[PDB]
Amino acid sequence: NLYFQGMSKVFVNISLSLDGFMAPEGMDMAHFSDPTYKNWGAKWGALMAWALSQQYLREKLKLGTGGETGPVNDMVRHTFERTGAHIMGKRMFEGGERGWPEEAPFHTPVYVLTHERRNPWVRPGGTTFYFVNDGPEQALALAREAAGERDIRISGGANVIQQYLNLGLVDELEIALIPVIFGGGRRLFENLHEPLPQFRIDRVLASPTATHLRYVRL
């Protein structure tokens, strides 16, 4: 595609356990209010700790003050600022419906892939959730239209990312690889079929608690 560089990029940016899980076993709606179940809360906390320690996110999410202010924080600023639309699945959405503040932390249109017929959900702070029932290509078409000159983030979870991977639609795959082993949960790289996606390493940013890997489609 000769004009690729002028097009909005479709990217994934996630935190992954060393063993390849995006969520620990027991992190489901049934146990959402009991984080001691299979110690899921502690595993989740270990996974996200790097991010929640970045000054920029701490400010943006109103978590508190202080935080780290290096290359990783600048990276996290760019991921937020570059995004014009988000795409996610229903399990991620259900978790957030209960765990996000009223001012949802997207501030863009968000396209939720679900079989449920549901009207859009407006949140203060410039987030509207749209419930898309006709699949990932249509969600992406809507998202590209909404994103303008900015990029499209496939937020997650794994089931939705797998579909975009299988469709050949992920331009950039960014992974914070964390030195925690979950032993179970939602495996990112599962249910992939041929032709499989192909990537090269574009950049690595090492840090004491996470290795930040950036892959771009071949």
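Position 1 is the first residue in the sequence shown; the rest follow in order.
Quiz item: In the PDB record, does 60-68 or 170-178 carry the higher mean Cα temperature factor?
Solution: Going by the record's values, the stretch with the higher mean is 60-68.
Self-check item: 43-51 versus 24-32 - which carries the larger mean C-alpha B factor in the record
Solution: The recorded data point to 24-32.
Practice problem: Please rank the C-alpha B-factors of the chain's modelled residues and tell me whether residue 91 sits in the lowest, middle or highest third. | Solution: Tercile = lowest for this residue's CA B-factor.
Quiz item: In terms of the CA temperature factor given in the entry, to which third of its chain does residue 5 belong: lowest, middle or highest?
Solution: As the PDB entry reports it, the C-alpha B-factor of residue 5 lands in the highest third of its chain.
Quiz item: Hey, what third does residue 99 fall into on Cα B-factor, ranked over its chain?
Solution: Highest third - that is where residue 99 ends up once the chain's C-alpha B-factors are sorted.
Quiz item: Comparing residue 216 with the other modelled residues of its chain, is its CA B-factor in the lowest, middle or highest third?
Solution: It belongs to the middle third of the chain when residues are ordered by C-alpha B-factor.
Exercise. Tell me, lowest, middle or highest third: where does the Cα B factor of residue 124 rank within its chain?
Key: Within its chain, residue 124 is a lowest-third residue by C-alpha B-factor, going by the deposited values.
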